[PDB]
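Trainee: Please find one structure pasted underneath; my questions will follow.
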Amino acid sequence: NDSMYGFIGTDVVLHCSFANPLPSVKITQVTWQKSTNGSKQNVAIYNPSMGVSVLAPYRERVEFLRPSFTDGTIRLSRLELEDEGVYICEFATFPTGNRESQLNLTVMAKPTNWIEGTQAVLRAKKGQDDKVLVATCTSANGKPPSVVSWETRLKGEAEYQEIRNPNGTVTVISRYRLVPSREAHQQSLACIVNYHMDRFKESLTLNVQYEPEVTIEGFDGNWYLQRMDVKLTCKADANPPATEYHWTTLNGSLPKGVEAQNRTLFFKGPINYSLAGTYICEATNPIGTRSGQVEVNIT
Amino acid sequence: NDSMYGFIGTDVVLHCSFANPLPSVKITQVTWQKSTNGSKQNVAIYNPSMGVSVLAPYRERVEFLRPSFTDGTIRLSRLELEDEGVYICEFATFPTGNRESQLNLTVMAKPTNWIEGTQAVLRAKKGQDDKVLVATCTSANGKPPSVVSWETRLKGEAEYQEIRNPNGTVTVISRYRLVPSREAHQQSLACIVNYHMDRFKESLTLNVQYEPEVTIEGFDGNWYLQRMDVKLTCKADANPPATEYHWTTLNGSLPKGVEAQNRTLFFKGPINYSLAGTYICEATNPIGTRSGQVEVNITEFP
Ligand SMILES: *[C@@H]1O[C@H](CO)[C@@H](O[C@@H]2O[C@H](CO)[C@@H](O)[C@H](O)[C@H]2NC(C)=O)[C@H](O)[C@H]1NC(C)=O
Ligand SMILES: *[C@@H]1O[C@H](CO)[C@@H](O[C@@H]2O[C@H](CO)[C@@H](O)[C@H](O)[C@H]2NC(C)=O)[C@H](O)[C@H]1NC(C)=O
């Protein structure tokens, strides 16, 4: 009817006392036993005439706090998982017989938490429908088991696993999988584990490689007849970054003289009614090759 | 792991002893408790320094046989149903703690058995399809429950009922029903009750009243022209027995001189070619009236 909880390593005080000592009634012995289901083992004994007795596996771990005809309260020190059980405290008395009480000792263990990414190089790819492992969250050897979950704006799938260890602790593992995408890059993925009203949180930032997404800037609403010295710039979003930039027009040739320094496209001084046209930058990176465009107006 | 059985009123010995008394290990106190599946009430205590104590109950019903540091054996006397339960015998010791053993005490009760027939007078009737109670077999307040059955060549139905009393005993009742018939009369129907390998048996003989069933004997394959002094005799099977026997022919009149002394139909001396005919006996009893017949032949050669 009464429960005690304590963490591995800590000390708990197990109370036991005799309700209504009466002059006639003589307490012979006080005995703590522990029940592991169906089975009693002896723990500690206090006998007024004979003293105290602690049994292995309690050798240096139990003492009576105030041994007495009516108080058998003990302290159990340096809790270990093996201490879980039901503790019976029993007063042997004359002439009235035995009188006992019970209490449940539950031993708890705080888990060990961490997150870790794949060794694999996350790589987005057209036609790949395949979900890939990207992070693993572990809450190890906790008791009771912790609860694992994810906090991310990513839209991947999580699988969860519990391993009940023989000692009674439980390791909780979650594997986070997704289909790698441009948008997933540099996104944060946070594993979470609430244990005993603590909330632990540990983050990753995903590194996803992707084919270049090309844009061309430097264009202005108005471009004169004979405006000066105007540039175009090819901003290509890629990971890893793009290593080559090649220019062309929609009509084949780059109108001499429009000079290309890579990923910059300079027009010298005079502009005219020629230089009308689609312009294209072709970016390349380890993943990819792709292009962008500009319609250029001059009046 | 260890079970004791005793009957109500008798005594059992609940053995308890401490295996390996050691100089090291001091027995402080010896205690019997009677666990009632959840609770725990003290029974008797033996303390070497202080003596013996029987809590009450069972003030005059328990004693340690040979109270001792290492023998806690008690006798529980004049057993009662309330004594059922699990008995824990526990040795309190220093420095080694408690040492206990358990045994199950099952208290048994011998049932009371009997049979009793209906007080109604059983009466057969044509067209009555209805099964009627004819005997009740009771095995009362037994524990464990006995097993009731019937031993009869009668063809009736038995219903069985079990009543669990609050004290834990069990009454078994069996009701034996049949449709009363001529054939059921004087048939024996005893009830059987098996308990603790005893076989109890108690019998009834049915008394079924019925309308007469008439037979006519004394007719012989051959009856001469002019054979002597031949009788017809009307045996009427009835219960209670028939009190009246009335004769007639199928053609009305009795050929004089054929004399009727009741339930005998005497033909004096000479027989002839007359005296041919169907003859009928009409029996009557409190239940009934019914008749029988004979077709009578008379010719020359036998
Ligand atoms: C419960 O048992 C587990 C399983 O053995 C213990 O966890 C192991 O601890 C040691 C180091 O402390 C490692 O060598 C193992 O690899 C650990 N983990 C696993 C999954 O095997 C754990 O210590 C026990 N829990 C306690 C004592 O709280
Ligand atoms: C168990 O309960 C029954 C039911 O009352 C007891 O049987 C009765 O005994 C008394 C005499 O002591 C009779 O007058 C009753 O008529 C009995 N039978 C019934 C069916 O009522 C029986 O004694 C109890 N068994 C015990 C105490 O062992």
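In the structure tokens, chains take the letters A, B, ... in the order shown, each chain's residues start at 1, and ligands count up from 1 in the order shown.
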Could you name the residues that touch residue 33 of chain B at 8 Å or less, counting only C-alpha atoms, but leaving out those on the same chain fewer than 3 positions away, as a PDB file with N, CA, C and O atoms, in the first residue's frame?

Mentor:
```
ATOM      1  N   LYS B  40      -3.344 -12.323   7.714  1.00  0.00           N
ATOM      2  CA  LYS B  40      -2.470 -13.165   8.529  1.00  0.00           C
ATOM      3  C   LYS B  40      -2.804 -13.040  10.007  1.00  0.00           C
ATOM      4  O   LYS B  40      -2.501 -12.046  10.639  1.00  0.00           O
ATOM      5  N   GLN B  41      -3.442 -14.064  10.533  1.00  0.00           N
ATOM      6  CA  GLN B  41      -3.811 -14.097  11.950  1.00  0.00           C
ATOM      7  C   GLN B  41      -2.932 -15.069  12.711  1.00  0.00           C
ATOM      8  O   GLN B  41      -2.670 -16.155  12.251  1.00  0.00           O
ATOM      9  N   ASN B  42      -2.474 -14.639  13.877  1.00  0.00           N
ATOM     10  CA  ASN B  42      -1.631 -15.479  14.731  1.00  0.00           C
ATOM     11  C   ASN B  42      -2.433 -16.604  15.357  1.00  0.00           C
ATOM     12  O   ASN B  42      -3.558 -16.436  15.753  1.00  0.00           O
ATOM     13  N   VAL B  43      -1.802 -17.741  15.439  1.00  0.00           N
ATOM     14  CA  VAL B  43      -2.415 -18.931  16.004  1.00  0.00           C
ATOM     15  C   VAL B  43      -1.838 -19.278  17.391  1.00  0.00           C
ATOM     16  O   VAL B  43      -2.529 -19.267  18.409  1.00  0.00           O
ATOM     17  N   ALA B  44      -0.551 -19.598  17.381  1.00  0.00           N
ATOM     18  CA  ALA B  44       0.167 -20.011  18.579  1.00  0.00           C
ATOM     19  C   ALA B  44       1.617 -19.563  18.521  1.00  0.00           C
ATOM     20  O   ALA B  44       2.186 -19.424  17.458  1.00  0.00           O
ATOM     21  N   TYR B  87      -1.181 -22.590   6.666  1.00  0.00           N
ATOM     22  CA  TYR B  87      -0.560 -22.369   7.988  1.00  0.00           C
ATOM     23  C   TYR B  87       0.894 -22.129   7.821  1.00  0.00           C
ATOM     24  O   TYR B  87       1.581 -22.926   7.219  1.00  0.00           O
ATOM     25  N   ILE B  88       1.348 -21.003   8.332  1.00  0.00           N
ATOM     26  CA  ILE B  88       2.767 -20.639   8.267  1.00  0.00           C
ATOM     27  C   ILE B  88       3.398 -20.841   9.624  1.00  0.00           C
ATOM     28  O   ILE B  88       2.948 -20.301  10.618  1.00  0.00           O
ATOM     29  N   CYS B  89       4.414 -21.679   9.627  1.00  0.00           N
ATOM     30  CA  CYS B  89       5.209 -21.926  10.803  1.00  0.00           C
ATOM     31  C   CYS B  89       6.559 -21.278  10.626  1.00  0.00           C
ATOM     32  O   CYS B  89       7.309 -21.653   9.767  1.00  0.00           O
TER      33      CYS B  89
END
```

Trainee: Specify as JSON, numbers by chain all residues of chain A found within 6 Å of chain B, counting only C-alpha atoms.

Mentor: {"A": [42, 53, 95, 97]}

Trainee: May I ask you to write as a count of residues only all residues lying at most 12 Å from ligand 2, with only C-alpha atoms and all ligand atoms counted?

Mentor: 34

Trainee: Can you tell me which residues sit at most 10 Å away from ligand 1, counting only C-alpha atoms and all ligand atoms, written as a list in words?

Mentor: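 The residues within 10 Å of ligand 1, counting only C-alpha atoms and all ligand atoms, are residues 7, 8, 9, 80, 81, 82, 107, 108, 109, 110, 111, 112, 140, 141, 142, 143, 163, 164, 165, 166, 167, 168, 169, 170 and 171 of chain A.
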
Trainee: What does the structure give for the distance between atom CA of residue 155 of chain B and atom CA of residue 283 of chain B, in Å to one decimal?

Mentor: 28.7 Å

Trainee: I want to know what sits within 12 Å of residue 23 of chain A, based on only C-alpha atoms, with residues of the same chain fewer than 4 positions away left out; could you give that as a list in words?

Mentor: residues 27, 69, 94 and 95 of chain A

Trainee: Restricting it to N, CA, C and O atoms, dump the selection as a JSON list (two decimals), in the first residue's frame.

Mentor:
```json
[["chain", "number", "residue", "atom", "x", "y", "z"],
["A", 27, "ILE", "N", 8.09, -7.01, 22.81],
["A", 27, "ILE", "CA", 8.65, -7.16, 21.47],
["A", 27, "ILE", "C", 9.93, -7.96, 21.54],
["A", 27, "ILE", "O", 10.89, -7.58, 22.19],
["A", 69, "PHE", "N", 12.04, -0.90, 20.78],
["A", 69, "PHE", "CA", 10.91, -1.82, 20.94],
["A", 69, "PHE", "C", 9.84, -1.50, 19.92],
["A", 69, "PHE", "O", 9.05, -2.37, 19.58],
["A", 94, "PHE", "N", 5.53, -11.18, 22.15],
["A", 94, "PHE", "CA", 4.90, -12.13, 23.08],
["A", 94, "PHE", "C", 3.97, -11.40, 24.04],
["A", 94, "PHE", "O", 4.35, -10.35, 24.52],
["A", 95, "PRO", "N", 2.77, -11.94, 24.32],
["A", 95, "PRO", "CA", 2.22, -13.19, 23.80],
["A", 95, "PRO", "C", 1.40, -13.07, 22.52],
["A", 95, "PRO", "O", 0.80, -14.03, 22.10]]
```

Trainee: In terms of the shortest atom-to-atom distance over only C-alpha atoms, which of B:66, B:235, B:34, B:153 is closest to residue 104 of chain B?

Mentor: B:34

Trainee: Quote the spacing between atom CA of residue 102 of chain B and atom CA of residue 196 of chain B in Å to one decimal place.

Mentor: 25.1 Å

Trainee: Please identify which residues in segment 196-295 of chain B DSSP calls strand (DSSP E) from the backbone, and express them as number ranges by chain.

Mentor: B: 198-202, 208-217, 230-239, 244-249, 258-261, 264-267, 277-285, 288-295

Trainee: For segment 181-185 of chain B, work out the shell of residues within 9 Å, counting only C-alpha atoms and skipping chain neighbours fewer than 5 positions away, then give it as an mmCIF file with N, CA, C and O atoms, in the first residue's frame.

Mentor:
```
data_model
loop_
_atom_site.group_PDB
_atom_site.id
_atom_site.type_symbol
_atom_site.label_atom_id
_atom_site.label_comp_id
_atom_site.auth_asym_id
_atom_site.auth_seq_id
_atom_site.Cartn_x
_atom_site.Cartn_y
_atom_site.Cartn_z
ATOM 1 N N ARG B 123 -49.908 -42.755 -10.324
ATOM 2 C CA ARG B 123 -51.018 -43.301 -11.143
ATOM 3 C C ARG B 123 -50.711 -43.183 -12.625
ATOM 4 O O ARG B 123 -50.497 -42.082 -13.124
ATOM 5 N N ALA B 124 -50.649 -44.315 -13.312
ATOM 6 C CA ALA B 124 -50.519 -44.320 -14.789
ATOM 7 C C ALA B 124 -51.810 -43.840 -15.429
ATOM 8 O O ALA B 124 -52.878 -43.988 -14.850
ATOM 9 N N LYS B 125 -51.700 -43.198 -16.579
ATOM 10 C CA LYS B 125 -52.886 -42.941 -17.410
ATOM 11 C C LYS B 125 -52.558 -42.812 -18.891
ATOM 12 O O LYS B 125 -51.608 -42.133 -19.253
ATOM 13 N N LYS B 126 -53.373 -43.471 -19.715
ATOM 14 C CA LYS B 126 -53.263 -43.374 -21.183
ATOM 15 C C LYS B 126 -53.434 -41.929 -21.659
ATOM 16 O O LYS B 126 -54.381 -41.245 -21.288
ATOM 17 N N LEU B 154 -35.411 -48.549 -14.723
ATOM 18 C CA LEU B 154 -36.442 -47.592 -15.097
ATOM 19 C C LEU B 154 -35.828 -46.653 -16.083
ATOM 20 O O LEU B 154 -34.622 -46.367 -16.039
ATOM 21 N N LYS B 155 -36.682 -46.130 -16.941
ATOM 22 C CA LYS B 155 -36.235 -45.168 -17.938
ATOM 23 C C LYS B 155 -36.836 -43.806 -17.718
ATOM 24 O O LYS B 155 -37.806 -43.431 -18.331
ATOM 25 N N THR B 205 -38.953 -48.912 -3.907
ATOM 26 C CA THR B 205 -39.718 -49.664 -4.864
ATOM 27 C C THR B 205 -40.945 -48.849 -5.216
ATOM 28 O O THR B 205 -41.741 -48.489 -4.348
ATOM 29 N N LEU B 206 -41.061 -48.529 -6.498
ATOM 30 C CA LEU B 206 -42.212 -47.761 -7.007
ATOM 31 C C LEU B 206 -43.537 -48.524 -6.840
ATOM 32 O O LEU B 206 -43.624 -49.735 -6.975
ATOM 33 N N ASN B 207 -44.554 -47.769 -6.512
ATOM 34 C CA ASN B 207 -45.911 -48.276 -6.505
ATOM 35 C C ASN B 207 -46.705 -47.416 -7.470
ATOM 36 O O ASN B 207 -46.993 -46.267 -7.203
ATOM 37 N N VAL B 208 -47.016 -47.992 -8.605
ATOM 38 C CA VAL B 208 -47.793 -47.302 -9.624
ATOM 39 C C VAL B 208 -49.130 -48.000 -9.790
ATOM 40 O O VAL B 208 -49.186 -49.190 -10.075
ATOM 41 N N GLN B 209 -50.212 -47.260 -9.569
ATOM 42 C CA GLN B 209 -51.590 -47.790 -9.778
ATOM 43 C C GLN B 209 -51.978 -47.655 -11.256
ATOM 44 O O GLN B 209 -51.595 -46.689 -11.900
ATOM 45 N N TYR B 210 -52.749 -48.610 -11.765
ATOM 46 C CA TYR B 210 -53.155 -48.624 -13.194
ATOM 47 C C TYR B 210 -54.418 -49.427 -13.487
ATOM 48 O O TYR B 210 -54.733 -50.381 -12.792
ATOM 49 N N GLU B 211 -55.104 -49.024 -14.545
ATOM 50 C CA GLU B 211 -56.289 -49.761 -15.066
ATOM 51 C C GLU B 211 -55.941 -51.189 -15.467
ATOM 52 O O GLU B 211 -54.832 -51.438 -15.929
ATOM 53 N N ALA B 238 -53.919 -55.828 -12.522
ATOM 54 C CA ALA B 238 -54.313 -54.504 -12.050
ATOM 55 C C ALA B 238 -53.717 -54.164 -10.695
ATOM 56 O O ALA B 238 -53.365 -55.020 -9.905
ATOM 57 N N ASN B 239 -53.572 -52.879 -10.479
ATOM 58 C CA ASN B 239 -53.103 -52.339 -9.204
ATOM 59 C C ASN B 239 -53.805 -51.016 -8.939
ATOM 60 O O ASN B 239 -53.709 -50.086 -9.736
#
```
